[PDB]
Amino acid sequence: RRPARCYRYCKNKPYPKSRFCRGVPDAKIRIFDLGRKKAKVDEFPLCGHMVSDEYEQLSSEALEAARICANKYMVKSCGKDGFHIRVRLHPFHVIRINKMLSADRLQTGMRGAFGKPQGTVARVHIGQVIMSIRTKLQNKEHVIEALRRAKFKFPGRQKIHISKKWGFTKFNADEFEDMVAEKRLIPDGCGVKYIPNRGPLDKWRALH
Amino acid sequence: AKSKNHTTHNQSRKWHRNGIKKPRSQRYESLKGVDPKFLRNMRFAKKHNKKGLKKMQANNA
Amino acid sequence: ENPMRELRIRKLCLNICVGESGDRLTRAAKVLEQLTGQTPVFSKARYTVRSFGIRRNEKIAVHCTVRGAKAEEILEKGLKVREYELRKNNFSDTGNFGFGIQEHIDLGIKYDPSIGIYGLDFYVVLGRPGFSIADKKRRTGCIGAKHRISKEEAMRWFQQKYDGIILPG
Amino acid sequence: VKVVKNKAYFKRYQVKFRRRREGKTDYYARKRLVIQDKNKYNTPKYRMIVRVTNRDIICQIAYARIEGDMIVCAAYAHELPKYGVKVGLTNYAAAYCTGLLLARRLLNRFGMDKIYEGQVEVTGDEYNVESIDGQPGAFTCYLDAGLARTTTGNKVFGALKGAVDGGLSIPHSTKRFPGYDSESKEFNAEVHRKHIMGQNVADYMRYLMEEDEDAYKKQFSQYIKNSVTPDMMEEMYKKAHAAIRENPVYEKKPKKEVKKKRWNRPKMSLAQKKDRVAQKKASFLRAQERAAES
Amino acid sequence: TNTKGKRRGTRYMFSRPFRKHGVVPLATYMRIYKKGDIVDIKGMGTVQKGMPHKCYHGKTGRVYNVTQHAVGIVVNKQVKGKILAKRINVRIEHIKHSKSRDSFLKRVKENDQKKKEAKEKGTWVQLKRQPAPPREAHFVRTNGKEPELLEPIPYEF
RNA sequence: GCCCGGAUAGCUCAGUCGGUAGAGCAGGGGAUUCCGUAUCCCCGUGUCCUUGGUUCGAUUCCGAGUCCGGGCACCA
RNA sequence: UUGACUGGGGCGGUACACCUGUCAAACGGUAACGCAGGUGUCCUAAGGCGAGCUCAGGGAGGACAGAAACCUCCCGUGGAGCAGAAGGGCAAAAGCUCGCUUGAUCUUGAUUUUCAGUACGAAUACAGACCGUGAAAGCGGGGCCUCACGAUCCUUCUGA
RNA sequence: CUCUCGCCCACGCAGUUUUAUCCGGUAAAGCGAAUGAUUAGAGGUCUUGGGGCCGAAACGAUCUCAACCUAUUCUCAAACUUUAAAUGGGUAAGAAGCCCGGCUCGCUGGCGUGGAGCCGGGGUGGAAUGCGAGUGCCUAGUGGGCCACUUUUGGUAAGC
RNA sequence: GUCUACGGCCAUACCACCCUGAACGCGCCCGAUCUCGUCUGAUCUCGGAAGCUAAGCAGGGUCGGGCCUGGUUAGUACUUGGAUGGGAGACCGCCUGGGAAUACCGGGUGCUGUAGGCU
Ligand SMILES: [Mg+2]
Ligand SMILES: [Mg+2]
Ligand SMILES: [Mg+2]
Ligand SMILES: [Mg+2]
Ligand SMILES: [Mg+2]
Ligand SMILES: [Mg+2]
Ligand SMILES: [Mg+2]
Ligand SMILES: [Mg+2]
C-alpha cells in the first residue's frame, strides 16, 4: 500500500464501483455510527462537527483510524453509551495502481498503463463535514478533545466547529424545544419528522 | 519512431487568414434537385406562355 | 332500495391441469365436454422448468368458460358434492370465488377406466349490470369504487341464495 | 405491508391524449387518413365520419385544419322521421338513408344537384361514379369507421353506399357489403338489395308472428305503436329515398324560446375553502375539549 | 479511432425531451411549407425515416423543394475553412417554422403603412430603430422618509 | 517476488445436482473361529477457509480478504 | 521475398476496415497500445400489409400444487419484448397472435454520411413501370434506427 | 482582370456588438424524482426463519431478532438524471423587398381550387461600428514541431 | 348553463375517495332470425326499447397526492475576461460582466375550434 501522498488531491474524474470497474477491494470502514445509536432526539442536545478546510481525498482507511481514535477516547470520560459518533462521508472513489514489474523492465514500459483498482477514497470539499458526534451539553469539552485527537490521522487541515443545530437534525437548537412542543415536529428515533400544515386534515385529527 | 497524431492547432488562424466566406447567394438559384413531376409541368407552363397568350394579354395590360 | 345493482353469475371457469400432454390430456377434454356441452380449449406452457416434466408450448391443460343459465346449473352440481359449505378464505378481495373438486364422477359423470379420474377447479366470477364497460372496445372505463363488489358483499350473496355455509375457521 | 405500489408513479406519468384517454380515437389511423401530401399545399382531404350510437347514426363530412376540424355538412338519423322512416333508426336501411341524405345535402350546397345524381334505382350492385367532362368534378371523399370492427355487413358500409348512390366518389370495395360469401368470391347483389330495404328485419317480424306473438310484443313493440308491418316496410324506405332526393336542405328550428341560466355548482373560492378548514379545526377541538372534560 | 458512424453522438439530442414521448401531435403535419420558407431543423427520435444528421440539428435553412412527406432545405455547413451551401431532404416531423424573420415581418408591414401616414399628416417619424440609448436625466424622490443605512454582516460559519 | 487451481471429519479425498456433506486409512463396538490372523458390519468425526451478495433455498454460484502450493523468465 | 503500428526492437496485442456508450471541456470536429463492449453473422420471415390483443411484475383466490405448471380477477408509463453490442425509439405499438402475400422486383438521375468535399459501402427524398396488402386513406422497392463489407485486369452467367 | 468611391446615399463585406428568434445537457444541482450504489434509527403488521411460557395438544393465549412495508435521515455517480447556467452555435435585421392587376400549366383537383411560372404596374431613408470589393490562372516551400495561461486523459510523479 | 359528433393544445386536463345530475343526448340495458365472430352473443357484429342513473360520463368537494406557476433558497453555487494577487502547494480572495437547482412557502387547476340539440 502506497503512501497517501500519492492518493490525495482530487485529480481524476470520480471513478466509482460499478459494472465498469468490477475489481475493487473492500473499504476498511464498514460501520459508520458507533455510540448509542438507539437514542432519541432530546437525549443528546449538542453536536460538534469537524469540517474540511481544503478540497482533497481522504482514504477509506484513514477514516477507520479516526473513528477508532474517537470511540476509544469517548468511552474513557463520557463513558460507553453516552455519545453518538457518526462518520458522515462514505468512500466511493476508487483509486488505481499501475502495478509494474509484475526488478525488471520485462512486463511493459508505460505501454498498457491503465491500472487495476487498489482502494477507495472519499472526495471531500471545502466546508464539508467529515465526522460528527453528539453528546449531552455537560460533556462539551470532551467533544473538542475527541475531535482533536481524530484530526491527527487526516491529511491537510480541518477545523472543529460546535454547531448551532439540535443534534444531528437541521433545526436550530435555540427554538427546537419551543417548536417540537406544540405540533410542528415529531420525534422518530434519532431524527425529527417535520410535519407541515398542508397535508390532509385527517392526520391533523390523528395528531392532538 | 513515434510521432504526433492529430491537432487542430494553428488551423483556426489559417482558416481566418483568408477569411471564411458565405457561399454568395446569387439570385435565381438553379432547378437541380427539384422533383421531376413538378418540374415537367413547369416547363410545359413555360413553353406555352410565349406562344398563345400575348394577343389577349397586352389588351388587358 | 338498490335497483338493478345485483350480483349475478358472470362466468364460471373450469380447468384440469395435467402434468403432460398426449393420451392423458386428451380424454380430460372428453370429461370437460360432458360437463358443459362445448369444446375445451388447450392451454399450454411457457416456462420449461425441467422438474415437473414440463416443456415450453407443450399442451398442459384444458379449460372452458360457462355463462348464463348453464353456469348456474353446473355450479349447483359442484356445490352439492362440496355440500354447500365453503371457507372464508375461498373469497378473493375482488369478491369472486372458487372451490375445486376431486373425483369428477361425483358431479354427474359415470366412470370409465380407459378415461380415468380428474379433479376440477370451479371458479365463479361475480358481476352486476354494468361490468361490460371495462372490457368494451371503444370507450373503456373503470368501474367505480361503490359499484365494485367486495369480499364481504359476496359472502352475504352466497348465503342468501343457495343457503350456503361460510364456516369461518 | 404488501408492496411498494406507486407513490412516485405520478411524478413520471405521461398521459396519452385527451381524446385517447376518453377512448374515442386511436391517432394511428388518424395520422394516415387526415394529413395531406404536402405538395398539394392547401387542398383539403375530406373524410366521411360515420358513427353509430345507441338509437342514432351520425354521418359527417369533415376536413382538418390546424385549429380543429371543419365540418362541411352533417346528417343524422333522429332527423329521419321527417321523411317517413319513423322507427328503427339504427338498422342497415336507416344507414343507407342517412348517407343518401348526407350525399344529397352536400351536393345541394356546392350546386352539383342536376349533375351527379348517383344511382336512382337501388339495386345493391357495385355502383361507382365518375367525373363528367365539362362540369365540376365529383366530390371525392374517404371513409373512416373510426374505431369500429369492419367485418362484412357492418352498418358503417350502409352509410358508404348511400353516399355512393348520391354522387360522392369514394374508393371502396364490395367485399364488405352484406351479401358477400366469404368462402366463395361472388357478391350477391340481390341479397344486398334485400338487406338495404330492411326485409330481413321484416322477415324476423314474420318469424315472430307465426311462431310466438308474445316475443313479437316484447321486441318490436314500438313498430306496433304507430303502424309498422313487414309488408309496408319495403315501400316505406323507397318512399323515403324519393323524399330525401328532392328536399335535403335541412331547415332549422329557430332555437330561441327560453332564457334561463342555473344548473350546476360553481367552483368555490379561496377564502371560502380556507375558512372551511378552520371551521373544521374549531369543531374538532370543541369535541376534544368539552366532550372529554365532561 | 472514433467510429465515424451516422447517428453517433446523439445519445441525448435525438431523444424526446421528457414526458413528451409517445405518438406525435398532429399539427406538426398540418404545416404549410412553401418555397423560400425559412425553417429550422430539430430532429426527433420517434420517426426514423428522415432524420437529417447530427450536423444540422439546431441549424436553420430555407425550403427549395417540397414533396409528399419531406422538404428539401438548403443549409450552410461549416467545414474546415469554407462554408458550403448544402441541400438535404428532411421529413416533415423534424422541422418547424423559424420565427426569426417573423419579428422582421411585422416591422416591414407596420413600417410601410406608417410611412404613408407621414405623407398624409406631414412629419418625420424616424421609423428606423435605434439601440437602447443612455438613460435620460430623470429625477428621484425620497418623499417622507430618509434612505436606508446598510452595512456588511459579520462572518459566522 | 508477479501469476493458476485449491482451503472440508483424527487424517486424506471426491463429488458440495442452486436441494445430502458421501468414499477410504486410524481409533471404538460387535460378529466370525478351537483360539487368533485377516475379514465383515455398525457407531463416532465436518464454522464444507472468513465475510457479503444472488431465489419457502448457497459451504455449493458471484467476488472481497487471508492462506497454501504450483509460475510469465529476451538482444543488449 | 521475409507486412505495419509500436513509450527502442523482439515476444504479445490490433489501437490495420467497421459499430455503441464515454473521453469531449452543453453546435459540429477532437488524440493515446485511453475506458467498457461488439462485428466478418442471422432471417421466406425475424421481409410487406391489415386486423385483434397487451407486456415484465405484483396481489388475492382456485383438486393435487409446494418459491416455479395451469385457470380467474384486480393493479400495472413500458419497470418486458423488439435475432444479437450498446444507446436512442415504441402501447388499440415498432411488441404478441393470426390472415393474405413477395416491393428482399424493374429503371433513370438527385442528395446525405466518410470526404479532397473523390470512390466503395450504407442511407435519404423522389420520379417511371409492374405488384402486394387493406373497406379505404395509405403503407411497402428488406430487417425500428445507428454496424454487418470490396476497385481495375481476368473468369463466369444473364439481356436485346 | 471585372468593377466601386474621385465633388438629401455607399453595390458590398466583417474572427465585433445590438435587436429578436432557435439550438444544446457540460459546470453546478439532484436524488424525502426514475436507473445504479448506500448508512442509521422509528413506526406498523400478513408471515415464515428462530427462540420465552400458560401445555398431553389445539393459526386457544402472551413477547424478542429478522424479513416485509411506511414515513424519514447520512453519503455519491466519465459511461445516471427531473431541473439547468456562463462561454458558445445557427438564422434574420428590405428593392433579389412589399403590394396590386392579368395569363400559361400536360401538376394538383367540389370550385375562377391550390401551387408554380410569366408579363405589367405602384411606392427605396429601414440596428451600432469599421472597411474598397469581386474574380480567375499559375504556383514554390511545408507534410519531425515546441512552450505557456485556462480546460482535461493515462500515470506515484516527471524538463513524461 | 351544459351536452353530442369530430378536433386542436396534450395532466391547470391526471390519480384516489366522496356528493349532485332537470331536459335532450351519450350509456348501462333487452334479445340472436338474418350479417358476422367466438371454448363462451362476455368481446366483436346484428334486432330491439321493459327498465335505470347503480356505473361510465359530466359538475363540485379534499388544510388530498401529482401537475402548472411564482417566492425563498440567492446575487448563493458556478462562470466570461484580467492581474509581476495570496499561498510550499491544494486552493483562495478581488476586478470585470453574466447567473442557477432542491428542501421550504404560496397561488392555480383545462382552454378553445367547426357542425348539431337541449335549456
Ligand atoms: Mg350464431
Ligand atoms: Mg355464424
Ligand atoms: Mg348482449
Ligand atoms: Mg350515471
Ligand atoms: Mg351517481
Ligand atoms: Mg374536481
Ligand atoms: Mg395538492
Ligand atoms: Mg475567468
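Following Swiss-Prot, chain C shows residues 9-177, kept in their order.
Heads up, header says this was done by electron microscopy, 3.1 Å.
Cβ from N, Cα, C; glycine included.
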Swiss-Prot annotation, SUMO2 cross-link - which of C:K52, C:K78, C:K118, C:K169: C:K52
Site from C:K85, C:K96, C:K145 that Swiss-Prot describes as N6-acetyllysine, others unannotated there: C:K85
SUMO2 cross-link according to Swiss-Prot, picked from C:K88, C:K144, C:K154: C:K154
From C:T34, C:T44, C:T56, the one Swiss-Prot labels phosphothreonine: C:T44
Cβ neighbour count within 10 Å of C:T47 (phosphothreonine): 11
Alpha-carbon distance [C:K38 (SUMO2 cross-link); C:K52 (SUMO2 cross-link)] in Å: 17
In the chain carrying C:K154 (SUMO2 cross-link), residues 6 or more apart in sequence that have Cβ under 8 angstroms from it: none
C:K38 (SUMO2 cross-link) CB neighbourhood, other CB atoms within 10 A: 15
C-alpha spacing of C:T47 (phosphothreonine) relative to C:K38 (SUMO2 cross-link), in angstrom: 9
Lowest local Cβ density (other Cβ within 10 Å) among recorded positions: C:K52, C:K85: C:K52
Members of the recorded positions set C:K38, C:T44, C:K52, C:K85, C:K154 whose C-beta sits under 8 angstroms from chain A: none
